[PDB]
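Have a look at input_26.pdb; it's PDB, C-alpha atoms:
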```pdb
MODEL        1
ATOM      1  CA  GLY A  34      -0.296  26.547 -33.874
ATOM      2  CA  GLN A  35      -2.253  23.731 -32.256
ATOM      3  CA  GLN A  36      -3.603  20.434 -33.549
ATOM      4  CA  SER A  37      -5.766  17.518 -32.389
ATOM      5  CA  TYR A  38      -6.007  14.808 -35.098
ATOM      6  CA  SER A  39      -8.175  11.908 -33.961
ATOM      7  CA  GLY A  40      -8.488  10.599 -37.520
ATOM      8  CA  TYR A  41      -8.867   7.092 -38.969
ATOM      9  CA  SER A  42     -10.157   5.271 -35.876
ATOM     10  CA  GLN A  43     -11.763   1.835 -36.278
ATOM     11  CA  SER A  44     -10.744   1.755 -39.944
ATOM     12  CA  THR A  45      -9.937  -1.379 -41.961
ATOM     13  CA  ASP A  46      -7.956  -2.422 -45.048
ATOM     14  CA  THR A  47      -7.779  -5.545 -47.199
ATOM     15  CA  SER A  48      -5.701  -6.944 -50.064
ATOM     16  CA  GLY A  49      -4.810 -10.196 -51.752
ATOM     17  CA  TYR A  50      -7.286 -12.862 -50.672
ATOM     18  CA  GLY A  51      -7.970 -11.400 -47.242
ATOM     19  CA  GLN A  52     -11.244 -11.879 -45.397
ATOM     20  CA  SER A  53     -12.427  -9.754 -42.497
ATOM     21  CA  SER A  54     -15.377  -9.141 -40.191
ATOM     22  CA  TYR A  55     -16.029  -6.173 -37.938
ATOM     23  CA  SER A  56     -18.715  -5.330 -35.386
ATOM     24  CA  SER A  57     -18.884  -2.154 -33.297
ATOM     25  CA  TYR A  58     -21.305  -1.061 -30.538
ATOM     26  CA  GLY A  59     -21.371   2.440 -29.127
ATOM     27  CA  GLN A  60     -18.358   4.550 -30.105
ATOM     28  CA  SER A  61     -18.199   8.210 -29.019
ATOM     29  CA  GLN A  62     -15.522  10.667 -30.177
ATOM     30  CA  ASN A  63     -14.881  14.249 -29.096
ATOM     31  CA  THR A  64     -12.201  16.405 -30.714
ATOM     32  CA  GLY A  65     -11.215  20.029 -30.393
ATOM     33  CA  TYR A  66     -12.812  22.276 -27.796
ATOM     34  CA  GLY A  67     -16.465  21.249 -27.365
ATOM     35  CA  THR A  68     -18.609  19.481 -24.790
ATOM     36  CA  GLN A  69     -20.279  16.089 -25.184
ATOM     37  CA  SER A  70     -22.613  14.020 -23.001
ATOM     38  CA  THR A  71     -24.141  10.645 -23.952
ATOM     39  CA  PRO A  72     -25.390   8.101 -21.400
ATOM     40  CA  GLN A  73     -26.247   4.588 -22.573
ATOM     41  CA  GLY A  74     -28.251   1.653 -21.285
ATOM     42  CA  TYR A  75     -28.280  -1.693 -23.122
ATOM     43  CA  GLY A  76     -30.101  -4.917 -22.403
ATOM     44  CA  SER A  77     -29.941  -8.336 -24.056
ATOM     45  CA  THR A  78     -31.421 -11.824 -23.677
ATOM     46  CA  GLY A  79     -33.259 -11.010 -20.459
ATOM     47  CA  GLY A  80     -30.987  -8.531 -18.694
ATOM     48  CA  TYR A  81     -31.616  -4.975 -17.546
ATOM     49  CA  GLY A  82     -29.436  -1.987 -18.393
ATOM     50  CA  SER A  83     -29.925   1.469 -16.930
ATOM     51  CA  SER A  84     -28.178   4.805 -16.754
ATOM     52  CA  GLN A  85     -29.068   8.200 -15.326
ATOM     53  CA  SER A  86     -27.467  11.607 -15.423
ATOM     54  CA  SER A  87     -27.855  15.186 -14.261
ATOM     55  CA  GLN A  88     -26.017  18.505 -14.609
ATOM     56  CA  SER A  89     -27.010  21.536 -12.510
ATOM     57  CA  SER A  90     -30.542  20.215 -11.974
ATOM     58  CA  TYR A  91     -33.187  20.163  -9.232
ATOM     59  CA  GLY A  92     -35.477  17.393 -10.389
ATOM     60  CA  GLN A  93     -36.332  13.850  -9.432
ATOM     61  CA  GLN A  94     -35.536  10.805 -11.555
ATOM     62  CA  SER A  95     -36.774   7.317 -10.793
ATOM     63  CA  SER A  96     -36.786   4.137 -12.847
ATOM     64  CA  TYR A  97     -38.344   0.744 -12.319
ATOM     65  CA  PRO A  98     -39.225  -1.464 -15.315
ATOM     66  CA  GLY A  99     -40.237  -5.109 -15.186
ATOM     67  CA  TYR A 100     -42.241  -4.585 -11.981
ATOM     68  CA  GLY A 101     -43.662  -7.894 -10.768
ATOM     69  CA  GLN A 102     -43.570  -9.494 -14.206
ATOM     70  CA  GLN A 103     -44.144 -13.175 -14.987
ATOM     71  CA  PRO A 104     -43.343 -14.416 -18.492
ATOM     72  CA  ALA A 105     -43.890 -18.003 -19.684
ATOM     73  CA  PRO A 106     -41.507 -20.868 -20.640
ATOM     74  CA  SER A 107     -39.429 -19.482 -23.513
ATOM     75  CA  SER A 108     -36.506 -20.554 -25.702
ATOM     76  CA  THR A 109     -34.374 -17.703 -27.039
ATOM     77  CA  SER A 110     -31.037 -17.271 -28.771
ATOM     78  CA  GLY A 111     -28.775 -14.505 -29.946
ATOM     79  CA  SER A 112     -25.376 -14.013 -31.573
ATOM     80  CA  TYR A 113     -23.549 -10.707 -31.497
ATOM     81  CA  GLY A 114     -19.855 -11.308 -32.111
ATOM     82  CA  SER A 115     -18.546 -11.516 -35.628
ATOM     83  CA  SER A 116     -18.442 -15.032 -37.112
ATOM     84  CA  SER A 117     -19.975 -16.426 -33.927
ATOM     85  CA  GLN A 118     -22.640 -19.125 -33.659
ATOM     86  CA  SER A 119     -25.457 -19.839 -31.232
ATOM     87  CA  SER A 120     -28.147 -22.417 -30.588
ATOM     88  CA  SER A 121     -30.989 -23.110 -28.200
ATOM     89  CA  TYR A 122     -33.272 -26.047 -27.484
ATOM     90  CA  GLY A 123     -36.131 -27.003 -25.224
ATOM     91  CA  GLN A 124     -37.969 -30.099 -24.043
TER      92      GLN A 124
ATOM     93  CA  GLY B  34       3.183  24.572 -30.935
ATOM     94  CA  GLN B  35       1.327  21.748 -29.208
ATOM     95  CA  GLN B  36      -0.135  18.525 -30.602
ATOM     96  CA  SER B  37      -2.200  15.545 -29.404
ATOM     97  CA  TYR B  38      -2.586  12.803 -32.070
ATOM     98  CA  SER B  39      -4.564   9.800 -30.852
ATOM     99  CA  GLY B  40      -5.244   8.493 -34.363
ATOM    100  CA  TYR B  41      -5.627   4.944 -35.708
ATOM    101  CA  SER B  42      -6.870   3.232 -32.538
ATOM    102  CA  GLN B  43      -8.508  -0.172 -33.048
ATOM    103  CA  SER B  44      -7.498  -0.259 -36.714
ATOM    104  CA  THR B  45      -6.936  -3.429 -38.755
ATOM    105  CA  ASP B  46      -4.818  -4.439 -41.755
ATOM    106  CA  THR B  47      -4.776  -7.614 -43.839
ATOM    107  CA  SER B  48      -2.695  -9.054 -46.698
ATOM    108  CA  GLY B  49      -1.938 -12.371 -48.340
ATOM    109  CA  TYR B  50      -4.389 -15.054 -47.225
ATOM    110  CA  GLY B  51      -5.011 -13.649 -43.761
ATOM    111  CA  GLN B  52      -8.345 -13.797 -41.962
ATOM    112  CA  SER B  53      -9.595 -11.613 -39.133
ATOM    113  CA  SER B  54     -12.433 -11.044 -36.691
ATOM    114  CA  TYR B  55     -12.952  -8.047 -34.442
ATOM    115  CA  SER B  56     -15.573  -7.063 -31.867
ATOM    116  CA  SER B  57     -15.696  -3.829 -29.861
ATOM    117  CA  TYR B  58     -18.106  -2.714 -27.111
ATOM    118  CA  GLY B  59     -18.036   0.729 -25.586
ATOM    119  CA  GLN B  60     -15.030   2.707 -26.793
ATOM    120  CA  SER B  61     -14.960   6.436 -26.033
ATOM    121  CA  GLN B  62     -12.149   8.866 -26.909
ATOM    122  CA  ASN B  63     -11.439  12.472 -25.960
ATOM    123  CA  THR B  64      -8.699  14.582 -27.518
ATOM    124  CA  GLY B  65      -7.630  18.189 -27.375
ATOM    125  CA  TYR B  66      -9.178  20.526 -24.833
ATOM    126  CA  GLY B  67     -12.816  19.523 -24.255
ATOM    127  CA  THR B  68     -14.843  17.721 -21.620
ATOM    128  CA  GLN B  69     -16.730  14.453 -21.958
ATOM    129  CA  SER B  70     -19.162  12.469 -19.806
ATOM    130  CA  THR B  71     -20.635   9.060 -20.708
ATOM    131  CA  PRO B  72     -22.036   6.719 -18.054
ATOM    132  CA  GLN B  73     -22.826   3.175 -19.196
ATOM    133  CA  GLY B  74     -24.795   0.260 -17.812
ATOM    134  CA  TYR B  75     -25.030  -3.103 -19.612
ATOM    135  CA  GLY B  76     -26.873  -6.315 -18.872
ATOM    136  CA  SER B  77     -26.881  -9.800 -20.384
ATOM    137  CA  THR B  78     -28.251 -13.335 -19.985
ATOM    138  CA  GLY B  79     -30.145 -12.377 -16.852
ATOM    139  CA  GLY B  80     -27.915  -9.864 -15.064
ATOM    140  CA  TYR B  81     -28.421  -6.255 -14.024
ATOM    141  CA  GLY B  82     -26.162  -3.325 -14.816
ATOM    142  CA  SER B  83     -26.564   0.160 -13.423
ATOM    143  CA  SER B  84     -24.760   3.477 -13.418
ATOM    144  CA  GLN B  85     -25.563   6.937 -12.067
ATOM    145  CA  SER B  86     -23.825  10.283 -11.873
ATOM    146  CA  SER B  87     -24.371  13.960 -11.147
ATOM    147  CA  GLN B  88     -22.382  17.187 -11.404
ATOM    148  CA  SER B  89     -23.495  20.198  -9.335
ATOM    149  CA  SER B  90     -27.047  18.865  -8.932
ATOM    150  CA  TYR B  91     -29.483  18.957  -6.004
ATOM    151  CA  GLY B  92     -32.133  16.399  -6.850
ATOM    152  CA  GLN B  93     -32.566  12.765  -5.946
ATOM    153  CA  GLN B  94     -31.836   9.806  -8.221
ATOM    154  CA  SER B  95     -33.442   6.445  -7.555
ATOM    155  CA  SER B  96     -33.430   3.092  -9.310
ATOM    156  CA  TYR B  97     -34.927  -0.315  -8.663
ATOM    157  CA  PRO B  98     -35.830  -2.569 -11.621
ATOM    158  CA  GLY B  99     -36.891  -6.197 -11.472
ATOM    159  CA  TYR B 100     -38.998  -5.662  -8.327
ATOM    160  CA  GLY B 101     -40.511  -8.937  -7.122
ATOM    161  CA  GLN B 102     -40.353 -10.442 -10.606
ATOM    162  CA  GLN B 103     -40.987 -14.142 -11.257
ATOM    163  CA  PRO B 104     -40.064 -15.517 -14.684
ATOM    164  CA  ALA B 105     -40.721 -19.112 -15.794
ATOM    165  CA  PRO B 106     -38.493 -22.113 -16.665
ATOM    166  CA  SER B 107     -36.546 -20.929 -19.700
ATOM    167  CA  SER B 108     -33.585 -21.929 -21.881
ATOM    168  CA  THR B 109     -31.315 -19.072 -22.942
ATOM    169  CA  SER B 110     -28.147 -18.824 -25.025
ATOM    170  CA  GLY B 111     -25.875 -16.082 -26.259
ATOM    171  CA  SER B 112     -22.412 -15.653 -27.774
ATOM    172  CA  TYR B 113     -20.628 -12.312 -27.855
ATOM    173  CA  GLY B 114     -16.983 -13.081 -28.653
ATOM    174  CA  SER B 115     -15.251 -13.492 -31.978
ATOM    175  CA  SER B 116     -15.634 -17.036 -33.342
ATOM    176  CA  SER B 117     -17.358 -18.079 -30.117
ATOM    177  CA  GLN B 118     -19.892 -20.899 -29.844
ATOM    178  CA  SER B 119     -22.744 -21.479 -27.421
ATOM    179  CA  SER B 120     -25.403 -24.060 -26.642
ATOM    180  CA  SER B 121     -28.214 -24.636 -24.192
ATOM    181  CA  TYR B 122     -30.608 -27.494 -23.501
ATOM    182  CA  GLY B 123     -33.573 -28.197 -21.296
ATOM    183  CA  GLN B 124     -35.134 -31.387 -19.968
TER     184      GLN B 124
ATOM    185  CA  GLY C  34       6.909  22.357 -28.282
ATOM    186  CA  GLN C  35       4.904  19.643 -26.543
ATOM    187  CA  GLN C  36       3.441  16.342 -27.690
ATOM    188  CA  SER C  37       1.192  13.535 -26.436
ATOM    189  CA  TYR C  38       0.875  10.746 -29.055
ATOM    190  CA  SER C  39      -1.385   7.952 -27.823
ATOM    191  CA  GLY C  40      -1.791   6.480 -31.319
ATOM    192  CA  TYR C  41      -2.316   2.927 -32.603
ATOM    193  CA  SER C  42      -3.608   1.315 -29.398
ATOM    194  CA  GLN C  43      -5.277  -2.094 -29.787
ATOM    195  CA  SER C  44      -4.359  -2.352 -33.466
ATOM    196  CA  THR C  45      -3.842  -5.559 -35.458
ATOM    197  CA  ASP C  46      -1.828  -6.753 -38.455
ATOM    198  CA  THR C  47      -1.822  -9.984 -40.443
ATOM    199  CA  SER C  48       0.186 -11.473 -43.325
ATOM    200  CA  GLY C  49       0.915 -14.831 -44.893
ATOM    201  CA  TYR C  50      -1.645 -17.374 -43.714
ATOM    202  CA  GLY C  51      -2.148 -15.847 -40.280
ATOM    203  CA  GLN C  52      -5.420 -16.034 -38.375
ATOM    204  CA  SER C  53      -6.492 -13.747 -35.557
ATOM    205  CA  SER C  54      -9.392 -13.007 -33.224
ATOM    206  CA  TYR C  55      -9.944  -9.991 -31.009
ATOM    207  CA  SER C  56     -12.495  -8.912 -28.399
ATOM    208  CA  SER C  57     -12.500  -5.638 -26.449
ATOM    209  CA  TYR C  58     -14.818  -4.406 -23.665
ATOM    210  CA  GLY C  59     -14.798  -0.875 -22.334
ATOM    211  CA  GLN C  60     -11.726   1.040 -23.489
ATOM    212  CA  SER C  61     -11.305   4.720 -22.570
ATOM    213  CA  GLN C  62      -8.709   7.220 -23.810
ATOM    214  CA  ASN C  63      -8.010  10.800 -22.750
ATOM    215  CA  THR C  64      -5.196  12.578 -24.591
ATOM    216  CA  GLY C  65      -4.156  16.191 -24.422
ATOM    217  CA  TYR C  66      -5.615  18.613 -21.890
ATOM    218  CA  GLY C  67      -9.273  17.661 -21.335
ATOM    219  CA  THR C  68     -11.423  16.139 -18.617
ATOM    220  CA  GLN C  69     -13.287  12.835 -18.841
ATOM    221  CA  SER C  70     -15.455  10.764 -16.488
ATOM    222  CA  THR C  71     -17.172   7.490 -17.443
ATOM    223  CA  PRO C  72     -18.510   5.125 -14.759
ATOM    224  CA  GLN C  73     -19.496   1.626 -15.850
ATOM    225  CA  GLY C  74     -21.561  -1.181 -14.393
ATOM    226  CA  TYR C  75     -21.813  -4.591 -16.093
ATOM    227  CA  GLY C  76     -23.781  -7.713 -15.302
ATOM    228  CA  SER C  77     -23.737 -11.221 -16.750
ATOM    229  CA  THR C  78     -25.240 -14.694 -16.327
ATOM    230  CA  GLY C  79     -27.010 -13.795 -13.098
ATOM    231  CA  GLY C  80     -24.673 -11.265 -11.487
ATOM    232  CA  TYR C  81     -25.037  -7.627 -10.515
ATOM    233  CA  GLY C  82     -22.793  -4.724 -11.384
ATOM    234  CA  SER C  83     -23.255  -1.194 -10.055
ATOM    235  CA  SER C  84     -21.367   2.072 -10.021
ATOM    236  CA  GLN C  85     -22.069   5.559  -8.698
ATOM    237  CA  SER C  86     -20.348   8.908  -8.915
ATOM    238  CA  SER C  87     -20.634  12.521  -7.830
ATOM    239  CA  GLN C  88     -18.727  15.778  -8.339
ATOM    240  CA  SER C  89     -19.652  18.839  -6.245
ATOM    241  CA  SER C  90     -23.202  17.557  -5.722
ATOM    242  CA  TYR C  91     -25.693  17.848  -2.856
ATOM    243  CA  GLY C  92     -28.245  15.180  -3.667
ATOM    244  CA  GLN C  93     -29.142  11.640  -2.761
ATOM    245  CA  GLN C  94     -28.472   8.526  -4.834
ATOM    246  CA  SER C  95     -29.829   5.127  -3.892
ATOM    247  CA  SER C  96     -29.921   1.895  -5.855
ATOM    248  CA  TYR C  97     -31.534  -1.455  -5.214
ATOM    249  CA  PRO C  98     -32.515  -3.714  -8.140
ATOM    250  CA  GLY C  99     -33.648  -7.320  -7.899
ATOM    251  CA  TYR C 100     -35.612  -6.644  -4.691
ATOM    252  CA  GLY C 101     -37.137  -9.857  -3.342
ATOM    253  CA  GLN C 102     -37.060 -11.532  -6.747
ATOM    254  CA  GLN C 103     -37.786 -15.213  -7.429
ATOM    255  CA  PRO C 104     -36.905 -16.568 -10.874
ATOM    256  CA  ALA C 105     -37.653 -20.172 -11.908
ATOM    257  CA  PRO C 106     -35.481 -23.208 -12.841
ATOM    258  CA  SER C 107     -33.429 -21.985 -15.799
ATOM    259  CA  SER C 108     -30.599 -23.256 -17.996
ATOM    260  CA  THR C 109     -28.455 -20.485 -19.463
ATOM    261  CA  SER C 110     -25.103 -20.210 -21.205
ATOM    262  CA  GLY C 111     -22.779 -17.600 -22.584
ATOM    263  CA  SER C 112     -19.402 -17.275 -24.274
ATOM    264  CA  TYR C 113     -17.592 -13.950 -24.224
ATOM    265  CA  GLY C 114     -14.000 -14.845 -25.112
ATOM    266  CA  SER C 115     -12.231 -15.239 -28.416
ATOM    267  CA  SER C 116     -12.746 -18.762 -29.768
ATOM    268  CA  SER C 117     -14.369 -19.833 -26.498
ATOM    269  CA  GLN C 118     -16.937 -22.610 -26.165
ATOM    270  CA  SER C 119     -19.753 -22.997 -23.655
ATOM    271  CA  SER C 120     -22.504 -25.496 -22.943
ATOM    272  CA  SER C 121     -25.286 -26.057 -20.458
ATOM    273  CA  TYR C 122     -27.690 -28.848 -19.566
ATOM    274  CA  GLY C 123     -30.571 -29.554 -17.249
ATOM    275  CA  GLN C 124     -32.338 -32.645 -15.953
TER     276      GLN C 124
ENDMDL
END
```
So that I can check it, write out the structure of this file as C-alpha cells.
Amino acid sequence: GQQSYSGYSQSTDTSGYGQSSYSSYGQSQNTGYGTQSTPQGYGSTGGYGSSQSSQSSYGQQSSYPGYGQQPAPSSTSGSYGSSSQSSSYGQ
Amino acid sequence: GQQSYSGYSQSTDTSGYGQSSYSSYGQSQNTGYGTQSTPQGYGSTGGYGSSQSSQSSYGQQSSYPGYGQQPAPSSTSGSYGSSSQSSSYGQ
Amino acid sequence: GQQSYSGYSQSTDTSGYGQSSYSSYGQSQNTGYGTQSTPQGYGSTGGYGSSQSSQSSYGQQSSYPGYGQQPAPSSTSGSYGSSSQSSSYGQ
C-alpha cells in the first residue's frame, strides 16, 4: 500500500483577536503518478518576463516585444505585498 | 508500504492577539512518482528575466526583447515585501 | 517500509502579542521518487537575469535582450524585504 498526501498546503487558521493577511502568486502542485508542465512569464512596472519550452518538437520559436518603443514621461506605482504601501510623485 | 507526506508547507497559525503577514512567489511541489517541468522568468522595475528549456527537441529557440528601445524620463515605485514601504520623486 | 516526510517547511506560529512578517521567493520541493526541473531567471531595478537548460536535445538556443538600448533619466525605487524601507530622489 502506497500513499502520497500533499494536503493542506498554504492553509491558514485564526482565533481570539488574530489578524492575518496572505498573498500568493503562482503555486503548482503535482501528486500521484501524472505529468505536469506549466511555464510562466511575469512582468511588472516596466520589466519584461519571458519563458519558452519544447518537448520532442521540430519547430521554431522566437520572441521580441517592445521593439524600438518610446513611451512618454510617466508616473506609476504598484503595491503587491500584503499590508505594504507605495507612493509616486513627479515634477 | 511506502509513503511520501510533504503536507502543510507554508502554513500559518494565529492565536491570542497575534498579527501576521505572508507573501509567496513561485512555489512548486512534486510528490509521489510523477514528473514536473516549470520554467519561470520574472521582471520588475525595469529589469529583464528570461528562461528557456528543451527536452529531446530539434528546433531553435531565440529571444531578444527590448531591442533598441528608448523610454522617457519617468518616476517609478514598487513594494513587494510584507509591510514594506516605498517612495519615489522627480525634479 | 520506507518514508520521506518533508512536511511543515516554511511554516509560522504566533501567540500572545507576537508580530511576524514573512517573504519567500522561489521555493522548490521534490519528495518521493519523481523527477523535477525548474530553471529560473529574475531581474530587478535595472539588472538582467537569464537561465538556460537542455536534456538530450540537438537544437540551438540563443538569448540577447536589451540590444543597443538607451533609456532616459529615471528615478526608480523598490523594497523587497520584510519591513524594509526605500526612497529615491532626483535633481
Once the PyMOL selection byres ((chain C and resi 74) around 12) has been applied to the shown file, what residues remain in the selection, as a PyMOL selection string? (chain A and resi 73-75+81-84) or (chain B and resi 59+72-77+80-86) or (chain C and resi 58-59+71-73+75-77+80-86)
Requested write-out: C-alpha atoms of the selected residues, as a compact mmCIF listing (two decimals), keeping the file's coordinate frame:
```txt
# COMPACT_ATOMS: atom_id res chain seq x y z
CA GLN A 73 -26.25 4.59 -22.57
CA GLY A 74 -28.25 1.65 -21.28
CA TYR A 75 -28.28 -1.69 -23.12
CA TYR A 81 -31.62 -4.97 -17.55
CA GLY A 82 -29.44 -1.99 -18.39
CA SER A 83 -29.92 1.47 -16.93
CA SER A 84 -28.18 4.80 -16.75
CA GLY B 59 -18.04 0.73 -25.59
CA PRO B 72 -22.04 6.72 -18.05
CA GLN B 73 -22.83 3.18 -19.20
CA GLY B 74 -24.80 0.26 -17.81
CA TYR B 75 -25.03 -3.10 -19.61
CA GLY B 76 -26.87 -6.32 -18.87
CA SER B 77 -26.88 -9.80 -20.38
CA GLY B 80 -27.92 -9.86 -15.06
CA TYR B 81 -28.42 -6.26 -14.02
CA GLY B 82 -26.16 -3.32 -14.82
CA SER B 83 -26.56 0.16 -13.42
CA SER B 84 -24.76 3.48 -13.42
CA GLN B 85 -25.56 6.94 -12.07
CA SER B 86 -23.82 10.28 -11.87
CA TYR C 58 -14.82 -4.41 -23.66
CA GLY C 59 -14.80 -0.88 -22.33
CA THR C 71 -17.17 7.49 -17.44
CA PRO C 72 -18.51 5.12 -14.76
CA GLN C 73 -19.50 1.63 -15.85
CA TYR C 75 -21.81 -4.59 -16.09
CA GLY C 76 -23.78 -7.71 -15.30
CA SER C 77 -23.74 -11.22 -16.75
CA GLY C 80 -24.67 -11.26 -11.49
CA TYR C 81 -25.04 -7.63 -10.52
CA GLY C 82 -22.79 -4.72 -11.38
CA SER C 83 -23.26 -1.19 -10.06
CA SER C 84 -21.37 2.07 -10.02
CA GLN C 85 -22.07 5.56 -8.70
CA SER C 86 -20.35 8.91 -8.91
```
Give as a list in words the residues that the PyMOL selection byres ((chain C and resi 38-52) around 6) matches when applied to the coordinates above. residues 37, 38, 39, 40, 41, 42, 43, 44, 45, 46, 47, 48, 49, 50, 51 and 52 of chain B; 37 and 53 of chain C
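In this model, the gap between atom CA of residue B:93 and atom CA of residue C:99 comes to 20.2 Å.
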Could you give me, as a PyMOL selection string, the residues that sit within 10 Å of (-18.3, -7.4, -34.7) in the file's coordinates, counting all atoms listed in the file? (chain A and resi 54-58+113-117) or (chain B and resi 54-58+113-115) or (chain C and resi 55-56)
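Among A:118, A:34, A:95, A:110, the residue with the shortest atom-to-atom distance to residue B:78, counting all atoms listed in the file, is A:110.
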Just how far from atom CA of residue B:63 is atom CA of residue A:36, in Å to one decimal? 13.5 Å
Go through the shown structure with the PyMOL selection byres ((chain A and resi 112) around 6) and write out the matching residues as a ChimeraX atom specification. /A:111,113,119 /B:111-112
For the residues in the current selection, export C-alpha atoms as a PDB file, in the coordinates of the input.
```
ATOM      1  CA  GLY A 111     -28.775 -14.505 -29.946  1.00  0.00           C
ATOM      2  CA  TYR A 113     -23.549 -10.707 -31.497  1.00  0.00           C
ATOM      3  CA  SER A 119     -25.457 -19.839 -31.232  1.00  0.00           C
TER       4      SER A 119
ATOM      5  CA  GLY B 111     -25.875 -16.082 -26.259  1.00  0.00           C
ATOM      6  CA  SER B 112     -22.412 -15.653 -27.774  1.00  0.00           C
TER       7      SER B 112
END
```
Listed atoms of stretch 53-58 of chain A boxed along x, y and z, 6 Å each side, centre and edge lengths in Å, one decimal, as lines of an AutoDock Vina configuration file:
```
center_x = -16.9
center_y = -5.4
center_z = -36.5
size_x = 20.9
size_y = 20.7
size_z = 24.0
```
Two-atom distance - atom CA of residue B:79, atom CA of residue B:60 (Å): 23.6 Å
Can you write stretch 39-56 of chain B from the block above with N, CA and C atoms, as a PDB file, in the first residue's frame?
```pdb
ATOM      1  N   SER B  39       4.498  15.308   2.046  1.00  0.00           N
ATOM      2  CA  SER B  39       5.003  16.680   2.131  1.00  0.00           C
ATOM      3  C   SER B  39       3.931  17.693   2.517  1.00  0.00           C
ATOM      4  N   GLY B  40       3.021  17.368   3.427  1.00  0.00           N
ATOM      5  CA  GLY B  40       1.913  18.256   3.704  1.00  0.00           C
ATOM      6  C   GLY B  40       2.251  19.399   4.643  1.00  0.00           C
ATOM      7  N   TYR B  41       1.435  20.449   4.561  1.00  0.00           N
ATOM      8  CA  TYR B  41       1.400  21.603   5.461  1.00  0.00           C
ATOM      9  C   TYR B  41       2.465  22.652   5.190  1.00  0.00           C
ATOM     10  N   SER B  42       3.128  22.620   4.043  1.00  0.00           N
ATOM     11  CA  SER B  42       4.157  23.605   3.753  1.00  0.00           C
ATOM     12  C   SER B  42       3.563  24.996   3.605  1.00  0.00           C
ATOM     13  N   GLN B  43       4.263  25.984   4.151  1.00  0.00           N
ATOM     14  CA  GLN B  43       3.875  27.393   4.080  1.00  0.00           C
ATOM     15  C   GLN B  43       2.524  27.653   4.736  1.00  0.00           C
ATOM     16  N   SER B  44       2.234  26.920   5.803  1.00  0.00           N
ATOM     17  CA  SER B  44       1.008  27.100   6.563  1.00  0.00           C
ATOM     18  C   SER B  44       1.137  28.324   7.460  1.00  0.00           C
ATOM     19  N   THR B  45       0.155  28.533   8.335  1.00  0.00           N
ATOM     20  CA  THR B  45       0.147  29.687   9.226  1.00  0.00           C
ATOM     21  C   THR B  45      -0.923  29.488  10.287  1.00  0.00           C
ATOM     22  N   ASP B  46      -0.552  29.674  11.549  1.00  0.00           N
ATOM     23  CA  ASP B  46      -1.482  29.665  12.669  1.00  0.00           C
ATOM     24  C   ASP B  46      -1.486  31.030  13.338  1.00  0.00           C
ATOM     25  N   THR B  47      -2.457  31.240  14.222  1.00  0.00           N
ATOM     26  CA  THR B  47      -2.581  32.503  14.941  1.00  0.00           C
ATOM     27  C   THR B  47      -3.542  32.377  16.118  1.00  0.00           C
ATOM     28  N   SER B  48      -3.138  32.855  17.293  1.00  0.00           N
ATOM     29  CA  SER B  48      -3.998  32.873  18.467  1.00  0.00           C
ATOM     30  C   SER B  48      -3.786  34.174  19.226  1.00  0.00           C
ATOM     31  N   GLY B  49      -4.587  34.370  20.266  1.00  0.00           N
ATOM     32  CA  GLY B  49      -4.393  35.485  21.167  1.00  0.00           C
ATOM     33  C   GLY B  49      -4.653  36.842  20.557  1.00  0.00           C
ATOM     34  N   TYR B  50      -3.626  37.679  20.482  1.00  0.00           N
ATOM     35  CA  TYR B  50      -3.706  38.974  19.823  1.00  0.00           C
ATOM     36  C   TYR B  50      -2.685  39.078  18.700  1.00  0.00           C
ATOM     37  N   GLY B  51      -2.309  37.947  18.111  1.00  0.00           N
ATOM     38  CA  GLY B  51      -1.181  37.929  17.197  1.00  0.00           C
ATOM     39  C   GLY B  51      -1.558  38.354  15.788  1.00  0.00           C
ATOM     40  N   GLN B  52      -0.679  39.139  15.179  1.00  0.00           N
ATOM     41  CA  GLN B  52      -0.819  39.581  13.804  1.00  0.00           C
ATOM     42  C   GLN B  52       0.162  38.845  12.903  1.00  0.00           C
ATOM     43  N   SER B  53      -0.123  38.859  11.603  1.00  0.00           N
ATOM     44  CA  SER B  53       0.716  38.163  10.645  1.00  0.00           C
ATOM     45  C   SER B  53       0.649  38.849   9.294  1.00  0.00           C
ATOM     46  N   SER B  54       1.600  38.483   8.443  1.00  0.00           N
ATOM     47  CA  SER B  54       1.675  38.932   7.063  1.00  0.00           C
ATOM     48  C   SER B  54       2.530  37.917   6.333  1.00  0.00           C
ATOM     49  N   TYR B  55       2.097  37.506   5.156  1.00  0.00           N
ATOM     50  CA  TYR B  55       2.778  36.469   4.411  1.00  0.00           C
ATOM     51  C   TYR B  55       2.682  36.789   2.932  1.00  0.00           C
ATOM     52  N   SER B  56       3.793  36.620   2.219  1.00  0.00           N
ATOM     53  CA  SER B  56       3.842  36.765   0.771  1.00  0.00           C
ATOM     54  C   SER B  56       4.667  35.633   0.186  1.00  0.00           C
TER      55      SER B  56
END
```
